[PDB]
Amino acid sequence: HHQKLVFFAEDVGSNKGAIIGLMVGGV
Amino acid sequence: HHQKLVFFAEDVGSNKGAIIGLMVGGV
Amino acid sequence: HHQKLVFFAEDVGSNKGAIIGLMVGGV
Amino acid sequence: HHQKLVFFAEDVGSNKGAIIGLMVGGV
Amino acid sequence: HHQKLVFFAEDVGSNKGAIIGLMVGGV
Amino acid sequence: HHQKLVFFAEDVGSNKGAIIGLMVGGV
Amino acid sequence: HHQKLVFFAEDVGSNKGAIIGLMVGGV
Amino acid sequence: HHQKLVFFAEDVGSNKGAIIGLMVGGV
Amino acid sequence: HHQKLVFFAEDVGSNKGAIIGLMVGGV
Amino acid sequence: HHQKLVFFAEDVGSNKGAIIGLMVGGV
Amino acid sequence: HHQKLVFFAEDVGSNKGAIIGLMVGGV
Amino acid sequence: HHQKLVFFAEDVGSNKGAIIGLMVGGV
Amino acid sequence: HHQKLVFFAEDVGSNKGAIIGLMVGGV
Amino acid sequence: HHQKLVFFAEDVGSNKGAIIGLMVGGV
Amino acid sequence: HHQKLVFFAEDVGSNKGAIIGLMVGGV
Amino acid sequence: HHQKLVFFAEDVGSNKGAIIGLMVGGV
Amino acid sequence: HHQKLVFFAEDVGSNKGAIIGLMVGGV
Amino acid sequence: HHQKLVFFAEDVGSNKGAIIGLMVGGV
Amino acid sequence: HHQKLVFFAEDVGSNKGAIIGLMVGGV
Amino acid sequence: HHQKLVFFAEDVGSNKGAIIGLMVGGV
Amino acid sequence: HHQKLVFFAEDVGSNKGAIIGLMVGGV
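Residues numbered from 1 in each chain as written, not as in the entry; some residues may be left out. Chains lettered and ligands numbered in written order. Heavy atoms only, no water.

Method information in the entry identifies cryo-EM as the source of the structure, with 3.1 Å recorded as the resolution.

As structure tokens, then:
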């Protein structure tokens, strides 16, 4: 027998801000 | 016998902000 | 015998903001 | 018999700030 | 028998500030 | 008199791989 | 007098791969 | 029998400041 | 008189690998 | 029989300041 | 009279490997 | 029978100051 | 009269390996 | 039987100042 | 009259290995 | 039987000053 | 008249090994 | 039966001043 | 008139080994 | 007039071994 | 006129061994 149990509660892995992958700027 | 149990609660993996993949700008 | 159980609650994977794939500006 | 149990509570692994992957600036 | 138990409480592994992967600046 | 000049060559700011914003996994 | 020049060449800001905004899964 | 138990409390492994991977500055 | 000049050559600020913003794993 | 037990309390292993991996400065 | 000149050559500020912003692992 | 118990209290192993891995200065 | 000149050559400020911002491991 | 017990109290192993790995200076 | 000249050659400030910002391990 | 007990109190092994690994100066 | 000239060569300030900002370990 | 007990009170093993590993200087 | 010239050769200020900022160990 | 010239040759200020800022250990 | 000239040879100020800033140990 094999068992695996996972529990994520209220607000796991959520974004409430800024996620920028890539950013290029000049002057 | 093999078992796997996963539970995600209220606001799991949700976005409440900004997600930008790629951004380019001169000035 | 093999088992998998997954539970999504209220707002799993929901977007309540902004998702941008790609953005090119200029001046 | 094999068991693995994991629990993530309220606000685990969330982002409330800024995540930037890559940044390039001319000036 | 084999067991492994892990518990993450309220605000584990969260970002509230700034994460910058890479930064290149001319001036 | 004010002047600003920017030049982006061939494959500048391009993606040739994988960009993932957010990732959540049970097992 | 105010001037701004921006030049994009062949494949500026192009996607030649994969972009994923948000990804969730169980097992 | 084999057991391993781990507990992480409220603000364990969180970032509230600045994390910079790499920085290059001309001036 | 004010001037600012920037030049990006062939393959500036490009991604040819993996950029992951956030990753959560149960096991 | 084998047992390991670990406990992290309130604010273990957190960053509230500045972490810079690498820094190069011309002037 | 004010001048600022910047030049980025071939593979400047590019990613060929792996960039991970945040990582949480149960086991 | 084998046992190992570890307890980290309120504010263990936290950074409240500055951590710089490497620093190079021209002037 | 004020001047500032910067030159980045072939492969400046690039990532060919692994950049991890934050890592938390239960076992 | 074999036992090992360790206790790290309030503010053990923290940094509240400056940690510099390597520093090179021209002038 | 004021001048400042900086030259970075082939492979300055690159990462070819591993950069880890923060790491916490239970066992 | 074998027993080993260690207790670190309030502010053991902390840095409140400056730790420099290596310093090189031209003047 | 004021001048400051800096040169960096092939493998300046490059990481070919391992940089770890912070490491916490139980058993 | 084998026993060893160690106790470290106060700010035992803390740094409040300046630690420099190596120092090289010109004129 | 004022002048300052600095030259960093081939492999100056590079890391080929291990840089660890902080290390805490239970056993 | 004022002049200051500095030359660092092949392999100045490089790490090929181990730099550990702070180490804390139980048994 | 004021002149100062510094030449550091092939392998000045490098580390090929173990630098440990601070070390604390139980039994």
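So, next bit.
1. Describing the pattern of salt bridges
It is possible for side chains bearing opposite charge to pair when their charged atoms get close. Quick reminder of the rule: Whenever a carboxyl oxygen of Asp or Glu lies within 4 Å of a side-chain nitrogen of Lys or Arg, that contact is scored as a salt bridge.
Inspection of the entire model under this criterion finds 20 salt bridges over all chains. Ionic pairing is found between E:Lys16 and E:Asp11, a salt bridge with its closest N-O pair at 2.9 Å. One salt-bridge network, held together by shared partners, links F:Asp11, F:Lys16, G:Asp11 and G:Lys16.

2. Digging into the interface of chain G and chain F
Keep this limit in mind: Only heavy atoms enter the contact rule, under which two residues are in contact if any of them lie within 4.5 Å. As a working definition, buried area equals the accessible area (1.4 Å probe) given up by two parts on being put together, with both sides summed. Helix and strand definitions follow DSSP, with helices as H or I runs of at least four residues and strands as E runs of at least two, each counted in order from the N terminus. By the convention adopted, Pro, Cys, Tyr, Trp, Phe, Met, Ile, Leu, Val and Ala count as nonpolar, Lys, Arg, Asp and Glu as charged, and the other residues, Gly among them, as polar.
Taken together, the contacts link 27 residues of chain G with 27 residues of chain F. Summed over both sides, the interface of chain G with chain F buries roughly 2100 Å², with 51% coming from carbon and sulfur. Across the chain G-chain F interface, the total number found is one salt bridge. When contributions to the side of chain G that touches chain F are tallied by element, the ones reaching two or more residues are β1 (2–8), β2 (18–20) and β3 (23–25) of chain G. Looking at the side of chain G that touches chain F, the element that brings in the most residues is β1(G), giving seven residues. Its residues assigned to classes, the side of chain G that touches chain F shows 13 nonpolar, 10 polar and four charged.

3. A short note on the interface of chain N and chain P
What counts here: Throughout this description, a polar contact denotes any pair of N or O atoms lying within 3.5 Å of each other; where both atoms belong to protein, one of them has to be capable of donating a hydrogen while the other can accept it, and for residues adjacent in sequence the pair is counted only when both atoms sit in side chains. Should DSSP find at least two bridges between two strands, the strands are regarded as paired.
Between chain N and chain P, the residue contacts involve 27 residues of the former and 27 residues of the latter. Summed over both partners, the interface of chain N with chain P buries about 2100 Å², with 52% contributed by carbon and sulfur atoms. Connecting chain N to chain P are zero salt bridges. Along the contact surface separating chain N from chain P lie 23 residue pairs in polar contact. Top contributing element to the side of chain N that touches chain P by residue count: strand β1 (residues 2–8) of chain N, with seven residues. Its residues placed into classes, the side of chain N that touches chain P shows 13 nonpolar, 10 polar and four charged. Direction of pairing for strand β2 (residues 18–20) of chain N relative to strand β2 (residues 18–20) of chain P: parallel, over a ladder of three bridges.

4. What to know about the arrangement of the chains
Nothing in chain C touches chain J, and the closest approach of their C-alpha atoms is 28 Å. One finds no contact linking chain G with chain J; the least C-alpha distance across the pair is 26 Å.

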